[PDB]
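Q: This one is final_27.cif, mmCIF, C-alpha atoms and all ligand atoms.
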```
data_entry
loop_
_atom_site.label_atom_id
_atom_site.label_comp_id
_atom_site.auth_asym_id
_atom_site.auth_seq_id
_atom_site.Cartn_x
_atom_site.Cartn_y
_atom_site.Cartn_z
CA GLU A 3 -21.99 -22.27 29.31
CA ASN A 4 -20.67 -19.22 27.46
CA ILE A 5 -18.68 -17.32 30.13
CA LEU A 6 -15.26 -18.38 28.87
CA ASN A 7 -16.09 -17.96 25.18
CA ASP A 8 -17.46 -14.48 25.96
CA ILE A 9 -14.29 -13.46 27.82
CA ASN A 10 -12.21 -14.73 24.89
CA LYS A 11 -14.24 -12.89 22.24
CA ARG A 12 -14.33 -9.57 24.07
CA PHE A 13 -10.93 -9.37 25.80
CA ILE A 14 -8.51 -11.94 24.38
CA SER A 15 -8.80 -12.83 20.69
CA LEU A 16 -8.56 -10.48 17.73
CA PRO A 17 -11.61 -11.11 15.49
CA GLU A 18 -10.72 -13.65 12.83
CA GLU A 19 -11.75 -11.39 9.95
CA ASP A 20 -9.16 -8.84 11.10
CA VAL A 21 -6.57 -11.58 11.67
CA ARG A 22 -7.05 -12.70 8.08
CA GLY A 23 -7.04 -9.19 6.61
CA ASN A 24 -3.92 -8.05 8.44
CA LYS A 25 -2.17 -11.25 7.34
CA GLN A 26 -3.03 -10.63 3.68
CA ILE A 27 -1.64 -7.09 3.90
CA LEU A 28 1.51 -8.05 5.81
CA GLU A 29 2.27 -11.04 3.59
CA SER A 30 1.99 -8.86 0.48
CA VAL A 31 4.29 -6.14 1.86
CA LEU A 32 6.86 -8.79 2.78
CA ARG A 33 6.69 -10.51 -0.63
CA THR A 34 7.48 -7.15 -2.24
CA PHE A 35 10.44 -6.73 0.12
CA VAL A 36 11.78 -10.26 -0.39
CA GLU A 37 11.48 -9.92 -4.18
CA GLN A 38 13.59 -6.77 -3.93
CA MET A 39 16.09 -8.67 -1.76
CA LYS A 40 16.52 -11.17 -4.61
CA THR A 41 17.48 -8.33 -6.98
CA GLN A 42 20.27 -7.28 -4.58
CA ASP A 43 22.08 -10.62 -4.17
CA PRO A 44 22.23 -13.59 -6.56
CA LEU A 45 23.42 -15.86 -3.74
CA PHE A 46 20.32 -15.02 -1.70
CA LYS A 47 18.14 -15.69 -4.74
CA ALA A 48 19.84 -19.07 -5.18
CA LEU A 49 19.57 -20.04 -1.50
CA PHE A 50 16.01 -18.83 -0.94
CA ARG A 51 13.32 -21.51 -0.81
CA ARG A 52 10.32 -20.09 1.08
CA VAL A 53 9.24 -18.23 4.21
CA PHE A 54 7.55 -19.48 7.37
CA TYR A 55 5.45 -17.08 9.44
CA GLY A 56 6.41 -17.78 13.06
CA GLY A 57 4.92 -16.76 16.38
CA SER A 58 1.77 -16.80 18.46
CA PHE A 59 -0.13 -14.56 16.03
CA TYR A 60 0.23 -17.14 13.25
CA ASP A 61 -0.38 -20.03 15.68
CA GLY A 62 -3.71 -18.50 16.66
CA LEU A 63 -2.46 -18.19 20.25
CA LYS A 64 -1.90 -14.43 20.64
CA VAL A 65 -3.57 -12.80 23.65
CA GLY A 66 -4.77 -9.29 22.88
CA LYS A 67 -3.65 -7.02 20.06
CA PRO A 68 -0.94 -8.67 17.93
CA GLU A 69 2.30 -6.72 17.86
CA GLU A 70 5.00 -8.76 16.10
CA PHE A 71 5.90 -11.97 14.33
CA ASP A 72 8.97 -13.62 12.81
CA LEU A 73 9.57 -13.93 9.08
CA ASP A 74 11.64 -17.13 9.04
CA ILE A 75 13.44 -16.83 5.70
CA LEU A 76 14.29 -20.42 4.75
CA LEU A 77 17.56 -20.87 2.84
CA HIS A 78 18.53 -24.26 1.43
CA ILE A 79 22.08 -25.53 1.00
CA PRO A 80 22.27 -27.78 -2.10
CA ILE A 81 22.52 -31.37 -0.89
CA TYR A 82 25.39 -31.97 -3.33
CA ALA A 83 27.55 -29.92 -0.93
CA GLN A 84 26.78 -32.68 1.63
CA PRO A 85 25.50 -30.78 4.68
CA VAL A 86 25.60 -32.89 7.84
CA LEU A 87 23.51 -32.05 10.91
CA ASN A 88 24.81 -33.30 14.25
CA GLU A 89 23.17 -33.16 17.66
CA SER A 90 25.29 -30.90 19.87
CA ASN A 91 26.38 -31.31 23.50
CA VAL A 92 23.64 -28.84 24.53
CA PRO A 93 20.16 -30.45 24.31
CA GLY A 94 17.99 -28.77 21.69
CA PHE A 95 20.90 -27.34 19.68
CA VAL A 96 22.73 -28.72 16.65
CA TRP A 97 25.85 -28.16 14.57
CA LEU A 98 25.82 -28.07 10.77
CA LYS A 99 28.90 -28.73 8.65
CA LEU A 100 29.43 -29.17 4.92
CA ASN A 101 31.51 -32.13 3.74
CA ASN A 102 31.68 -31.33 0.00
CA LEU A 103 31.41 -27.58 -0.59
CA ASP A 104 34.42 -27.67 -2.93
CA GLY A 105 32.78 -30.31 -5.11
CA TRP A 106 29.65 -28.17 -5.33
CA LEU A 107 31.72 -25.12 -6.30
CA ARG A 108 33.18 -27.15 -9.19
CA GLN A 109 29.66 -27.70 -10.55
CA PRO A 110 28.12 -25.20 -13.00
CA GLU A 111 25.35 -24.26 -10.54
CA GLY A 112 28.02 -23.70 -7.86
CA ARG A 113 29.33 -20.52 -9.49
CA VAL A 114 26.93 -18.26 -7.58
CA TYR A 115 28.16 -19.91 -4.35
CA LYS A 116 31.70 -18.54 -4.83
CA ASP A 117 31.43 -16.44 -1.66
CA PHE A 118 29.29 -18.85 0.41
CA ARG A 119 32.23 -20.04 2.52
CA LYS A 120 33.45 -16.49 3.25
CA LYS A 121 29.97 -15.26 4.13
CA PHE A 122 28.54 -18.16 6.15
CA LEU A 123 31.16 -20.67 7.33
CA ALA A 124 33.64 -20.73 10.19
CA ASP A 125 36.66 -23.04 10.47
CA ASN A 126 36.14 -26.55 9.06
CA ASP A 127 33.07 -25.40 7.08
CA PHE A 128 30.71 -25.19 10.05
CA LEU A 129 27.66 -23.00 9.53
CA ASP A 130 28.11 -19.95 11.76
CA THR A 131 25.19 -18.12 13.38
CA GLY A 132 26.98 -14.78 13.71
CA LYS A 133 28.17 -14.77 10.10
CA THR A 134 24.67 -15.70 8.88
CA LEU A 135 23.05 -12.91 10.91
CA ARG A 136 25.60 -10.34 9.70
CA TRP A 137 25.05 -11.42 6.09
CA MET A 138 21.27 -11.03 6.34
CA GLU A 139 21.56 -7.67 8.13
CA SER A 140 23.81 -6.39 5.33
CA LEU A 141 21.39 -7.66 2.67
CA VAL A 142 18.41 -6.04 4.40
CA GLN A 143 20.26 -2.71 4.62
CA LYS A 144 21.26 -2.96 0.96
CA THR A 145 17.62 -3.62 0.03
CA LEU A 146 16.19 -0.81 2.19
CA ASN A 147 18.46 1.68 0.38
CA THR A 148 16.88 0.82 -3.00
CA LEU A 149 13.30 1.53 -1.88
CA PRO A 150 11.55 4.91 -2.10
CA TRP A 151 11.91 6.83 1.15
CA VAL A 152 9.41 9.36 2.46
CA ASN A 153 9.61 11.53 5.59
CA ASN A 154 12.74 10.46 7.56
CA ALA A 155 14.10 7.11 6.33
CA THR A 156 10.61 5.64 5.95
CA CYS A 157 10.26 3.22 3.04
CA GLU A 158 7.12 3.42 0.90
CA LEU A 159 5.79 0.25 -0.73
CA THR A 160 2.57 -0.32 -2.67
CA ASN A 161 0.54 -3.44 -3.41
CA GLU A 162 -3.04 -4.46 -4.14
CA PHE A 163 -4.13 -3.39 -0.64
CA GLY A 164 -2.77 0.15 -0.92
CA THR A 165 0.28 2.10 0.24
CA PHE A 166 2.34 1.18 3.27
CA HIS A 167 5.21 2.63 5.28
CA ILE A 168 8.16 0.59 6.52
CA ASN A 169 10.42 1.75 9.34
CA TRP A 170 13.35 -0.31 10.54
CA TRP A 171 15.79 -0.83 13.40
CA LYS A 172 17.87 -3.58 14.98
CA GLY A 173 16.92 -4.42 18.57
CA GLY A 174 18.27 -7.95 18.41
CA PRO A 175 20.01 -10.45 16.15
CA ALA A 176 17.51 -9.84 13.34
CA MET A 177 16.43 -6.60 11.70
CA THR A 178 12.89 -5.47 12.54
CA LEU A 179 10.54 -3.97 9.96
CA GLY A 180 7.78 -1.85 11.48
CA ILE A 181 4.90 -1.94 8.98
CA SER A 182 2.20 0.75 9.01
CA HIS A 183 -0.56 2.02 6.78
CA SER A 184 0.51 5.10 4.83
CA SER A 185 -2.32 6.87 6.69
CA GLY A 186 -0.32 6.38 9.92
CA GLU A 187 -1.86 3.38 11.70
CA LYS A 188 0.64 0.78 12.88
CA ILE A 189 0.03 -2.80 11.72
CA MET A 190 2.81 -5.05 13.04
CA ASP A 191 6.55 -5.47 13.54
CA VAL A 192 8.32 -8.26 11.62
CA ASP A 193 11.74 -9.72 12.44
CA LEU A 194 13.70 -10.97 9.42
CA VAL A 195 15.32 -14.22 10.60
CA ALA A 196 17.78 -16.07 8.36
CA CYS A 197 17.21 -19.83 8.71
CA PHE A 198 18.36 -23.01 6.96
CA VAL A 199 15.78 -25.64 5.94
CA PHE A 200 16.36 -29.38 5.57
CA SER A 201 14.52 -32.44 4.28
CA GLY A 202 13.19 -35.30 6.37
CA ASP A 203 16.36 -37.38 6.01
CA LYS A 204 18.27 -34.90 8.20
CA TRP A 205 15.80 -35.02 11.11
CA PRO A 206 17.79 -35.53 14.35
CA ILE A 207 17.41 -38.91 16.04
CA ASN A 208 19.84 -38.90 18.99
CA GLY A 209 17.59 -37.90 21.87
CA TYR A 210 14.98 -36.19 19.68
CA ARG A 211 11.32 -36.93 19.11
CA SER A 212 10.46 -38.19 15.63
CA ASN A 213 8.42 -36.17 13.14
CA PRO A 214 4.68 -36.84 13.62
CA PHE A 215 3.97 -35.82 9.99
CA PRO A 216 6.88 -37.15 7.89
CA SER A 217 4.83 -37.31 4.68
CA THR A 218 2.99 -33.96 4.73
CA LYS A 219 5.37 -31.83 6.86
CA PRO A 220 8.75 -33.38 5.97
CA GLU A 221 10.90 -30.26 6.38
CA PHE A 222 12.31 -28.55 9.45
CA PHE A 223 14.75 -25.70 9.85
CA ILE A 224 17.50 -24.39 12.10
CA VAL A 225 17.43 -20.91 13.62
CA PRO A 226 20.51 -18.78 14.48
CA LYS A 227 19.58 -18.38 18.15
CA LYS A 228 22.47 -19.42 20.38
CA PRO A 229 22.05 -21.01 23.84
CA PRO A 232 28.20 -18.95 27.18
CA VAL A 233 29.14 -21.96 25.03
CA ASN A 234 32.20 -22.87 22.96
CA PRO A 235 32.86 -22.89 20.06
CA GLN A 236 31.13 -19.56 19.55
CA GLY A 237 28.74 -19.40 16.60
CA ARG A 238 28.38 -23.13 15.91
CA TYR A 239 25.20 -23.71 17.96
CA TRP A 240 21.91 -23.50 16.05
CA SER A 241 18.40 -23.90 17.46
CA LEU A 242 15.88 -26.27 15.88
CA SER A 243 12.48 -25.04 14.76
CA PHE A 244 9.71 -27.64 14.61
CA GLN A 245 7.10 -24.86 14.55
CA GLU A 246 5.57 -26.11 11.30
CA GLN A 247 4.83 -29.47 12.95
CA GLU A 248 3.69 -27.83 16.20
CA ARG A 249 1.17 -25.75 14.24
CA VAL A 250 -0.41 -28.92 12.82
CA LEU A 251 -0.46 -30.59 16.25
CA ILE A 252 -2.48 -27.72 17.76
CA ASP A 253 -4.86 -27.37 14.78
CA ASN A 254 -8.36 -28.87 14.47
CA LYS A 255 -8.74 -29.20 18.24
CA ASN A 256 -11.82 -27.08 18.96
CA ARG A 257 -11.46 -25.96 22.59
CA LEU A 258 -7.63 -26.09 22.59
CA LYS A 259 -6.64 -22.61 21.38
CA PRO A 260 -9.19 -20.74 23.56
CA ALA A 261 -7.94 -22.78 26.54
CA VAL A 262 -4.31 -21.90 25.79
CA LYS A 263 -5.11 -18.20 25.52
CA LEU A 264 -7.17 -18.19 28.72
CA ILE A 265 -4.20 -19.68 30.57
CA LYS A 266 -1.79 -17.25 28.86
CA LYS A 267 -4.06 -14.38 29.94
CA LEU A 268 -3.87 -15.67 33.52
CA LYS A 269 -0.09 -15.91 33.17
CA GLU A 270 0.16 -12.31 31.96
CA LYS A 271 -1.76 -11.08 34.98
CA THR A 272 -0.35 -13.25 37.79
CA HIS A 273 2.98 -14.88 36.74
CA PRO A 274 4.81 -13.22 33.82
CA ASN A 275 7.91 -15.15 34.96
CA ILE A 276 6.69 -18.02 32.73
CA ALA A 277 7.37 -17.69 29.01
CA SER A 278 4.49 -18.30 26.60
CA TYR A 279 6.36 -21.14 24.86
CA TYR A 280 6.45 -23.02 28.16
CA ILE A 281 2.65 -22.99 28.22
CA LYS A 282 2.55 -24.03 24.56
CA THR A 283 4.94 -26.87 25.45
CA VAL A 284 2.67 -28.06 28.27
CA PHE A 285 -0.18 -28.28 25.76
CA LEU A 286 1.98 -30.30 23.34
CA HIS A 287 2.49 -32.79 26.18
CA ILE A 288 -1.24 -32.74 26.97
CA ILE A 289 -2.03 -33.41 23.30
CA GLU A 290 0.23 -36.46 23.46
CA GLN A 291 -1.34 -37.70 26.70
CA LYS A 292 -5.03 -37.09 25.96
CA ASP A 293 -7.34 -38.92 23.62
CA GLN A 294 -8.50 -36.74 20.73
CA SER A 295 -12.02 -36.56 22.19
CA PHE A 296 -10.74 -34.49 25.13
CA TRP A 297 -10.70 -31.34 22.98
CA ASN A 298 -14.44 -31.65 22.24
CA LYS A 299 -15.44 -31.31 25.89
CA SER A 300 -16.87 -28.05 27.20
CA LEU A 301 -14.56 -25.06 27.20
CA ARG A 302 -14.90 -24.92 30.99
CA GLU A 303 -13.83 -28.55 31.39
CA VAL A 304 -10.89 -28.26 28.97
CA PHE A 305 -9.76 -25.03 30.64
CA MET A 306 -10.05 -26.39 34.18
CA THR A 307 -8.37 -29.69 33.35
CA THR A 308 -5.44 -28.20 31.43
CA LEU A 309 -5.02 -25.51 34.10
CA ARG A 310 -4.69 -28.23 36.75
CA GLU A 311 -2.14 -30.14 34.63
CA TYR A 312 -0.23 -26.92 33.89
CA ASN A 313 0.04 -26.38 37.65
CA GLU A 314 1.45 -29.90 38.08
CA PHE A 315 4.26 -29.12 35.61
CA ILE A 316 5.08 -25.93 37.52
CA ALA A 317 4.90 -27.69 40.90
CA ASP A 318 7.15 -30.46 39.56
CA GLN A 319 9.50 -27.66 38.38
CA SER A 320 10.00 -29.41 35.03
CA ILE A 321 8.64 -28.66 31.56
CA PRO A 322 10.61 -30.90 29.18
CA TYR A 323 11.25 -29.48 25.74
CA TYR A 324 8.75 -31.43 23.67
CA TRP A 325 11.28 -32.38 20.98
CA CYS A 326 14.33 -33.07 23.20
CA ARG A 327 13.32 -34.08 26.71
CA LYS A 328 16.77 -33.56 28.27
CA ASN A 329 16.15 -29.79 27.96
CA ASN A 330 14.09 -28.59 30.94
CA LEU A 331 12.58 -25.35 29.68
CA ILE A 332 12.19 -24.00 33.23
CA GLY A 333 15.36 -25.59 34.65
CA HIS A 334 16.84 -22.10 35.01
CA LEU A 335 14.02 -20.72 37.18
CA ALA A 336 14.53 -20.65 40.93
CA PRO A 337 12.58 -23.15 43.10
CA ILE A 338 11.19 -20.33 45.26
CA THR A 339 9.78 -18.61 42.15
CA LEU A 340 8.17 -21.82 40.88
CA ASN A 341 6.82 -22.67 44.35
CA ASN A 342 5.18 -19.25 44.64
CA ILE A 343 3.67 -19.46 41.16
CA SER A 344 2.33 -22.97 41.77
CA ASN A 345 0.81 -21.83 45.08
CA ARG A 346 -0.78 -18.87 43.26
CA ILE A 347 -2.36 -21.11 40.64
CA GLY A 348 -3.57 -23.58 43.26
CA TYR A 349 -5.38 -20.79 45.09
CA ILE A 350 -6.98 -19.70 41.82
CA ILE A 351 -8.13 -23.24 41.02
CA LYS A 352 -9.78 -23.51 44.45
CA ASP A 353 -11.45 -20.13 43.95
CA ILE A 354 -12.93 -20.96 40.52
CA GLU A 355 -13.44 -24.75 40.98
CA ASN A 356 -17.14 -24.39 41.85
CA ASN A 357 -17.51 -20.67 41.03
CA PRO A 358 -17.07 -20.07 37.29
CA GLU A 359 -18.20 -16.46 37.81
CA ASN A 360 -14.86 -15.90 39.59
CA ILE A 361 -12.80 -16.79 36.50
CA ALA A 362 -13.10 -13.32 34.96
CA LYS A 363 -12.02 -11.79 38.28
CA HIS A 364 -8.68 -13.63 38.01
CA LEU A 365 -8.16 -13.32 34.25
CA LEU A 366 -8.90 -9.59 33.86
CA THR A 367 -7.26 -6.54 35.33
CA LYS A 368 -9.58 -4.44 37.47
CA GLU A 369 -9.79 -1.97 34.59
CA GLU A 370 -10.68 -4.73 32.12
CA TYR A 371 -13.19 -6.18 34.59
CA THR A 372 -15.08 -2.88 34.74
CA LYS A 373 -15.42 -2.80 30.95
CA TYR A 374 -16.38 -6.49 31.05
CA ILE A 375 -19.30 -5.84 33.41
CA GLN A 376 -20.36 -2.77 31.40
CA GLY A 377 -20.61 -4.86 28.21
CA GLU A 378 -17.63 -3.48 26.29
CA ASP A 379 -15.68 -5.38 23.60
CA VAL A 380 -12.06 -4.20 23.46
CA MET A 381 -11.00 -6.64 20.74
CA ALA A 382 -13.58 -5.69 18.08
CA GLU A 383 -11.58 -2.62 16.96
CA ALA A 384 -8.15 -3.53 18.37
CA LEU A 385 -6.52 -3.88 14.92
CA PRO A 386 -8.91 -3.23 12.02
CA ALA A 387 -7.44 -4.36 8.71
CA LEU A 388 -9.39 -1.45 7.20
CA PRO A 389 -8.63 1.52 9.49
CA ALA A 390 -11.28 4.09 10.28
CA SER A 391 -9.40 6.85 8.43
MN MN A 401 -2.81 -38.41 22.13
#
```
I'd like the structure from this file rewritten - as structure tokens, please.
A:
Amino acid sequence: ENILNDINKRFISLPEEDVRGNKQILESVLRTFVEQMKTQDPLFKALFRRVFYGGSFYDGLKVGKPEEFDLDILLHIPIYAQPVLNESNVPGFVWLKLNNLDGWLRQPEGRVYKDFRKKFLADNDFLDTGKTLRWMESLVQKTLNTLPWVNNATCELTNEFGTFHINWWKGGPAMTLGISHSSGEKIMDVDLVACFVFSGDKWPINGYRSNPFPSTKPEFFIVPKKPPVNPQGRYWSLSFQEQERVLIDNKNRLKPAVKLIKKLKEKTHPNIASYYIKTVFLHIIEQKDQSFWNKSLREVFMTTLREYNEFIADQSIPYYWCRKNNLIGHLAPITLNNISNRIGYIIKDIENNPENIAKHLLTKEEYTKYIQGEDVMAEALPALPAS
């Protein structure tokens, strides 16, 4: 009863000591950068509340060597300006307008918000995703220029863990910081995502699931990821990732089971996004008694794999927070039929033969190292590099 845990340790999960050490380094580099950002823009300093570290690495759900995560930079509009969040005509997306920005500007603390409308708002004082992204990109560029550069446009930052190199580029809506040890070893990429955070009173009700932790996780935020829709720039995504992280925590077999299924997905059906698997497990959490997660890893894996296949076969994975959004509604029936048939064959092949699981989860090259006793995760990303 250790086959699945052994596969996970040797071929799936970064050792937790290295997870923790890389997080301490990365979080310190980013605090230095965000503190410098505050020196470059009083409006950013006024808006800034906190950061949220987003992605599978920080959820404990990353398969293999971690490569990137999102720095969700949470900005807060003063409630005196009367922000109003409305559920949009596209399930899962919202609009945000301000009903009293002028009254806030007439307050003493509103002085630093003199350019907020110009920088962030479209017609009728709607928060605009494109304007927000352009504002953050400009601020990041301004900040990068004030840092010491070595080599060719490589920033050098120091902290209690040593000296680090920051490279940057824009491959999407948000700037990416590539963070490396000064000795050359790459650590991780970080996307700098400008978000707006709200208190529990603003939680959407029209077609949305209620907050499971309104006392201890009261806040949620909106993310400038658009769904063609009109009006352009008004549609914001909701992030309930802070609540999702609590839902998946303290559940023993759950995170190994998710990663085993994600490993299977990477090998046999990359057509399915990782968040769709995460979403299936949110539904399973809601359906199952809490004791389910204390069963054997084999039983949790086999049972959730079967239920995952039923979602795929049904061709519907409802967005956990707004059920009218089918996360796989855009995938073709033929594709989903083939993937469900694939998974059904795998279930039959491993049903009564747990020694066949590794044959389906691992590439042939990984399987050879598996049989030979190798551990490819032990040194996948040492927080203290060998140099
Ligand atoms: Mn339940």
Q: For a quick check of understanding, using only C-alpha atoms and all ligand atoms, which of A:376, A:294, A:10, A:42 has the smallest distance to ligand MN 401 (chain A)?
A: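 Once distances to ligand MN 401 (chain A) are computed over only C-alpha atoms and all ligand atoms, the minimum belongs to A:294.
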Q: From the set A:337, A:104, A:187, A:324, which residue has the shortest atom-to-atom contact distance to residue 116 in chain A, counting all atoms listed in the file?
A: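 Of A:337, A:104, A:187, A:324, the one nearest residue 116 in chain A, counting all atoms listed in the file, is A:104.
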Q: With only C-alpha atoms as the basis for distance, which of A:288, A:309, A:31, A:48 is at the shortest distance from residue 264 in chain A?
A: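 Checking each of A:288, A:309, A:31, A:48 against residue 264 in chain A, counting only C-alpha atoms, the winner is A:309.
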Q: Please provide as a list in words all residues within 12 Å of residue 277 in chain A, with the sequence filter that same-chain residues fewer than 3 positions apart are discarded (counting all atoms listed in the file).
A: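 The residues that qualify are residues 58, 265, 266, 267, 269, 270, 273, 274, 280, 281, 282, 283, 284, 321, 331, 332 and 335 of chain A.
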Q: Tell me which protein, DNA and RNA residues are within 9 Å of residue 57 in chain A, counting only C-alpha atoms, leaving out same-chain ones fewer than 4 positions away, and put them as a PyMOL selection string.
A: chain A and resi 61-64+70-72+245
Q: Using only C-alpha atoms and all ligand atoms, which of the listed residues (A:21, A:252, A:36, A:98) sits closest to ligand MN 401 (chain A)?
A: A:252
Q: Suppose you want the space between CA of residue 190 in chain A and CA of residue 168 in chain A; what is it in Å?
A: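 Separating CA of residue 190 in chain A from CA of residue 168 in chain A is a distance of 10.1 Å.
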Q: Let me make sure I understand: among A:378, A:127, A:290, A:69, which one has the smallest atom-to-atom distance to ligand MN 401 (chain A) if we use all atoms listed in the file?
A: A:290
Q: Using all atoms listed in the file, find each protein or nucleic acid residue lying at most 12 Å from ligand MN 401 (chain A); present the set as a PyMOL selection string.
A: chain A and resi 214+251-252+255+285-297
Q: Could you save those same residues with C-alpha atoms as a PDB file, in the coordinates of the input?
A:
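So out26.pdb came out as:
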```pdb
ATOM      1  CA  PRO A 214       4.680 -36.840  13.620  1.00  0.00           C
ATOM      2  CA  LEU A 251      -0.460 -30.590  16.250  1.00  0.00           C
ATOM      3  CA  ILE A 252      -2.480 -27.720  17.760  1.00  0.00           C
ATOM      4  CA  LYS A 255      -8.740 -29.200  18.240  1.00  0.00           C
ATOM      5  CA  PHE A 285      -0.180 -28.280  25.760  1.00  0.00           C
ATOM      6  CA  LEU A 286       1.980 -30.300  23.340  1.00  0.00           C
ATOM      7  CA  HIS A 287       2.490 -32.790  26.180  1.00  0.00           C
ATOM      8  CA  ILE A 288      -1.240 -32.740  26.970  1.00  0.00           C
ATOM      9  CA  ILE A 289      -2.030 -33.410  23.300  1.00  0.00           C
ATOM     10  CA  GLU A 290       0.230 -36.460  23.460  1.00  0.00           C
ATOM     11  CA  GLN A 291      -1.340 -37.700  26.700  1.00  0.00           C
ATOM     12  CA  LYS A 292      -5.030 -37.090  25.960  1.00  0.00           C
ATOM     13  CA  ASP A 293      -7.340 -38.920  23.620  1.00  0.00           C
ATOM     14  CA  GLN A 294      -8.500 -36.740  20.730  1.00  0.00           C
ATOM     15  CA  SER A 295     -12.020 -36.560  22.190  1.00  0.00           C
ATOM     16  CA  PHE A 296     -10.740 -34.490  25.130  1.00  0.00           C
ATOM     17  CA  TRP A 297     -10.700 -31.340  22.980  1.00  0.00           C
TER      18      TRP A 297
END
```
Q: Quick one: everything within 12 Å of residue 336 in chain A, counting all atoms listed in the file, minus sequence neighbours fewer than 2 positions away in the same chain. Send it as a ChimeraX atom specification.
A: /A:275-276,316-317,319-320,332-334,338-343
Q: Separation of CA of residue 183 in chain A and CA of residue 159 in chain A, in Å?
A: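 Interatomic distance here is 10.0 Å.
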Q: N, CA, C and O atoms for range 180-192 of chain A, written as a PDB file, in the coordinates of the input, could you do that?
A:
```
ATOM      1  N   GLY A 180       9.059  -2.331  10.976  1.00  0.00           N
ATOM      2  CA  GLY A 180       7.780  -1.850  11.480  1.00  0.00           C
ATOM      3  C   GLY A 180       6.881  -1.451  10.323  1.00  0.00           C
ATOM      4  O   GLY A 180       7.205  -0.521   9.581  1.00  0.00           O
ATOM      5  N   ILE A 181       5.754  -2.135  10.145  1.00  0.00           N
ATOM      6  CA  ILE A 181       4.900  -1.940   8.980  1.00  0.00           C
ATOM      7  C   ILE A 181       3.643  -1.190   9.406  1.00  0.00           C
ATOM      8  O   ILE A 181       2.952  -1.606  10.344  1.00  0.00           O
ATOM      9  N   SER A 182       3.354  -0.085   8.721  1.00  0.00           N
ATOM     10  CA  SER A 182       2.200   0.750   9.010  1.00  0.00           C
ATOM     11  C   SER A 182       1.443   1.070   7.727  1.00  0.00           C
ATOM     12  O   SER A 182       2.000   1.029   6.629  1.00  0.00           O
ATOM     13  N   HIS A 183       0.161   1.395   7.875  1.00  0.00           N
ATOM     14  CA  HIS A 183      -0.560   2.020   6.780  1.00  0.00           C
ATOM     15  C   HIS A 183       0.067   3.378   6.466  1.00  0.00           C
ATOM     16  O   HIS A 183       0.589   4.058   7.354  1.00  0.00           O
ATOM     17  N   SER A 184       0.023   3.773   5.188  1.00  0.00           N
ATOM     18  CA  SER A 184       0.510   5.100   4.830  1.00  0.00           C
ATOM     19  C   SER A 184      -0.292   6.203   5.519  1.00  0.00           C
ATOM     20  O   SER A 184       0.211   7.322   5.664  1.00  0.00           O
ATOM     21  N   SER A 185      -1.517   5.906   5.953  1.00  0.00           N
ATOM     22  CA  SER A 185      -2.320   6.870   6.690  1.00  0.00           C
ATOM     23  C   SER A 185      -1.877   7.024   8.144  1.00  0.00           C
ATOM     24  O   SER A 185      -2.406   7.897   8.840  1.00  0.00           O
ATOM     25  N   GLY A 186      -0.935   6.209   8.617  1.00  0.00           N
ATOM     26  CA  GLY A 186      -0.320   6.380   9.920  1.00  0.00           C
ATOM     27  C   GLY A 186      -0.526   5.236  10.896  1.00  0.00           C
ATOM     28  O   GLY A 186       0.266   5.097  11.841  1.00  0.00           O
ATOM     29  N   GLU A 187      -1.552   4.409  10.709  1.00  0.00           N
ATOM     30  CA  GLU A 187      -1.860   3.380  11.700  1.00  0.00           C
ATOM     31  C   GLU A 187      -0.857   2.240  11.634  1.00  0.00           C
ATOM     32  O   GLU A 187      -0.608   1.675  10.566  1.00  0.00           O
ATOM     33  N   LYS A 188      -0.301   1.884  12.791  1.00  0.00           N
ATOM     34  CA  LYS A 188       0.640   0.780  12.880  1.00  0.00           C
ATOM     35  C   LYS A 188      -0.061  -0.557  12.652  1.00  0.00           C
ATOM     36  O   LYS A 188      -1.176  -0.773  13.133  1.00  0.00           O
ATOM     37  N   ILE A 189       0.594  -1.462  11.918  1.00  0.00           N
ATOM     38  CA  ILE A 189       0.030  -2.800  11.720  1.00  0.00           C
ATOM     39  C   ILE A 189       0.772  -3.823  12.568  1.00  0.00           C
ATOM     40  O   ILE A 189       0.186  -4.411  13.485  1.00  0.00           O
ATOM     41  N   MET A 190       2.056  -4.050  12.286  1.00  0.00           N
ATOM     42  CA  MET A 190       2.810  -5.050  13.040  1.00  0.00           C
ATOM     43  C   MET A 190       4.296  -4.876  12.768  1.00  0.00           C
ATOM     44  O   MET A 190       4.693  -4.330  11.734  1.00  0.00           O
ATOM     45  N   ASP A 191       5.110  -5.341  13.722  1.00  0.00           N
ATOM     46  CA  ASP A 191       6.550  -5.470  13.540  1.00  0.00           C
ATOM     47  C   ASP A 191       6.875  -6.872  13.037  1.00  0.00           C
ATOM     48  O   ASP A 191       6.230  -7.849  13.421  1.00  0.00           O
ATOM     49  N   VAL A 192       7.891  -6.973  12.176  1.00  0.00           N
ATOM     50  CA  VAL A 192       8.320  -8.260  11.620  1.00  0.00           C
ATOM     51  C   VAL A 192       9.835  -8.365  11.739  1.00  0.00           C
ATOM     52  O   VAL A 192      10.558  -7.492  11.251  1.00  0.00           O
TER      53      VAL A 192
END
```
